[PDB]
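Below: the structure, in structure tokens.
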Amino acid sequence: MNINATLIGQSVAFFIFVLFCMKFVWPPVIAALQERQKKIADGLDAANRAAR
Amino acid sequence: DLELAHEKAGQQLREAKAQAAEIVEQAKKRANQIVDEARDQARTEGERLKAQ
């Protein structure tokens with residue numbers, strides 16, 4: 001169908017969005033998952049420390 | 001459970017030191033009995049020997 005510069009506006013918005021989400025969407029959630037990981041791991045190690 | 005186990009262990013750990021020390025307390029009473037009966041035995045050998 002018809003070829004337009006429409007791809008530019010969407011691509012430019014996407015490049016800026018990809019750089020933004022890496023700093024404001026992934027870090028808070030991955031940190032909140034790493035905390036639970038650490039809490040489950042150290043919580044299971046706490047039982048091994050008590051048993052020793 | 002780690003803190004509760006540390007408390008359970010803390011009580012069993014110290015109670016065994018007091019109970020083990022009581023074996024030494026029986027040994028001190030036994031040592032006194034050995035020495036007191038040795039003094040009576042020595043007195044007995046002294047009065048038995050001088051009679052001859």
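In the structure tokens, the first chain shown is A, the next is B, and so on; residue numbers restart at 1 for each chain, and ligands run from 1 in the order shown.
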
If we count only C-alpha atoms and set the cut-off at 12 Å, which residues sit around segment 33-46 of chain A, ignoring sequence neighbours fewer than 3 positions away in its own chain? Please answer as a ChimeraX atom specification.
/A:26-30,49-52 /B:1-6

Would you export the selected residues with N, CA and C atoms as a PDB file, in the first residue's frame, please?
ATOM      1  N   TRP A  26      11.643  -1.503  34.422  1.00  0.00           N
ATOM      2  CA  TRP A  26      12.330  -2.746  34.808  1.00  0.00           C
ATOM      3  C   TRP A  26      13.027  -2.677  36.178  1.00  0.00           C
ATOM      4  N   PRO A  27      13.871  -1.670  36.495  1.00  0.00           N
ATOM      5  CA  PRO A  27      14.591  -1.631  37.770  1.00  0.00           C
ATOM      6  C   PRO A  27      13.726  -1.767  39.040  1.00  0.00           C
ATOM      7  N   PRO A  28      12.575  -1.081  39.201  1.00  0.00           N
ATOM      8  CA  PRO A  28      11.765  -1.234  40.411  1.00  0.00           C
ATOM      9  C   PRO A  28      11.212  -2.655  40.576  1.00  0.00           C
ATOM     10  N   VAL A  29      10.734  -3.269  39.489  1.00  0.00           N
ATOM     11  CA  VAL A  29      10.153  -4.618  39.529  1.00  0.00           C
ATOM     12  C   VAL A  29      11.225  -5.699  39.695  1.00  0.00           C
ATOM     13  N   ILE A  30      12.337  -5.641  38.950  1.00  0.00           N
ATOM     14  CA  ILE A  30      13.416  -6.631  39.107  1.00  0.00           C
ATOM     15  C   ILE A  30      14.000  -6.564  40.525  1.00  0.00           C
ATOM     16  N   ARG A  49      21.122 -22.998  59.344  1.00  0.00           N
ATOM     17  CA  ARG A  49      21.957 -22.395  60.404  1.00  0.00           C
ATOM     18  C   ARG A  49      21.461 -22.841  61.786  1.00  0.00           C
ATOM     19  N   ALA A  50      20.141 -22.870  61.988  1.00  0.00           N
ATOM     20  CA  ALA A  50      19.516 -23.322  63.233  1.00  0.00           C
ATOM     21  C   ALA A  50      19.753 -24.826  63.469  1.00  0.00           C
ATOM     22  N   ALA A  51      19.651 -25.637  62.409  1.00  0.00           N
ATOM     23  CA  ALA A  51      19.868 -27.084  62.466  1.00  0.00           C
ATOM     24  C   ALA A  51      21.339 -27.443  62.761  1.00  0.00           C
ATOM     25  N   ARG A  52      22.303 -26.669  62.251  1.00  0.00           N
ATOM     26  CA  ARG A  52      23.737 -26.897  62.500  1.00  0.00           C
ATOM     27  C   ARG A  52      24.103 -26.657  63.969  1.00  0.00           C
TER      28      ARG A  52
ATOM     29  N   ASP B   1      11.900 -19.538  64.016  1.00  0.00           N
ATOM     30  CA  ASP B   1      12.415 -20.818  64.501  1.00  0.00           C
ATOM     31  C   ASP B   1      13.931 -20.766  64.739  1.00  0.00           C
ATOM     32  N   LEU B   2      14.698 -19.958  63.999  1.00  0.00           N
ATOM     33  CA  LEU B   2      16.138 -19.793  64.218  1.00  0.00           C
ATOM     34  C   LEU B   2      16.417 -19.204  65.617  1.00  0.00           C
ATOM     35  N   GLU B   3      15.698 -18.153  66.024  1.00  0.00           N
ATOM     36  CA  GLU B   3      15.862 -17.541  67.354  1.00  0.00           C
ATOM     37  C   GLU B   3      15.315 -18.467  68.454  1.00  0.00           C
ATOM     38  N   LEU B   4      14.176 -19.121  68.202  1.00  0.00           N
ATOM     39  CA  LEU B   4      13.578 -20.055  69.161  1.00  0.00           C
ATOM     40  C   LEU B   4      14.496 -21.269  69.369  1.00  0.00           C
ATOM     41  N   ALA B   5      15.122 -21.777  68.302  1.00  0.00           N
ATOM     42  CA  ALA B   5      16.072 -22.882  68.367  1.00  0.00           C
ATOM     43  C   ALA B   5      17.343 -22.432  69.099  1.00  0.00           C
ATOM     44  N   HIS B   6      17.799 -21.194  68.875  1.00  0.00           N
ATOM     45  CA  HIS B   6      18.962 -20.638  69.571  1.00  0.00           C
ATOM     46  C   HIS B   6      18.680 -20.566  71.079  1.00  0.00           C
TER      47      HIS B   6
END

Could you tell me how far atom CA of residue 48 of chain A lies from atom CA of residue 13 of chain B, in Å and to one decimal?
18.9 Å
